[PDB]
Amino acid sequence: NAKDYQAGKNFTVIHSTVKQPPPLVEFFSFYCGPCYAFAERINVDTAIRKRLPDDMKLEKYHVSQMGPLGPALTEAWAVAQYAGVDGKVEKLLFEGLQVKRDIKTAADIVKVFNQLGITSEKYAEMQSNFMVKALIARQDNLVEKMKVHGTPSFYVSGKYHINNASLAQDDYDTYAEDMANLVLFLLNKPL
């Protein structure tokens, strides 16, 4: 029934210096095709969330060092979560970059928020917010400390990096389920 995921095959034991790493974090880029598929096609993200406990979420950290808009996007994601519209704006940023490729500038990212009822003035106000800035720095700092080198990249307890290609290849639904199973297998691992 329950698979015995193997170190080396399904995941690697990373070494971080981070004192309090997210229990579960997915490093991603709105420019990354597989990152989009994980959030909208394969639905690896919903699969994982559907199986997590109430006192724990899938944290998504945007990679600023990827592409021209990288930084503006890490900021937009931070504002997105502060405004709590991170659930709606996610698909619109992926589309704006990989479907319609109509997001070319920082001013174009703001236009997405406008369509949700967030004026350019409110967006500017949020860009300044102390919590927004703290989350932007957290995202950038962990990409460095965790030594991220690809997206989408999942890390459990800041010690186990999942090997995306190692999971069930039958179809995407099975793959997503296998990923959530592996994530759980890692969260339930001895301290």
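Just count from 1 along the sequence shown to find any residue number.
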Q.
Averaging CA B factors per stretch from the PDB record, which one is higher: 108 to 116 or 67 to 75?
A. 108 to 116
(Q) Comparing average C-alpha B factors as deposited, tell me which of 52 to 60 and 154 to 162 sits higher. (A) 52 to 60
Q: Kindly indicate the residue among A137, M146, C32, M131 with the greatest C-alpha B-factor in the PDB record.
A: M146
Q: Would you check the entry's CA temperature factor for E40 and let me know if it's in the chain's lowest, middle or highest third?
A: middle
Q) Would the CA B-factor of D178 place it in the lowest, middle or highest third of its chain? A) lowest
Q: Taking the values exactly as deposited, rank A83 by C-alpha B-factor within its chain and report the matching third: lowest, middle or highest.
A: highest
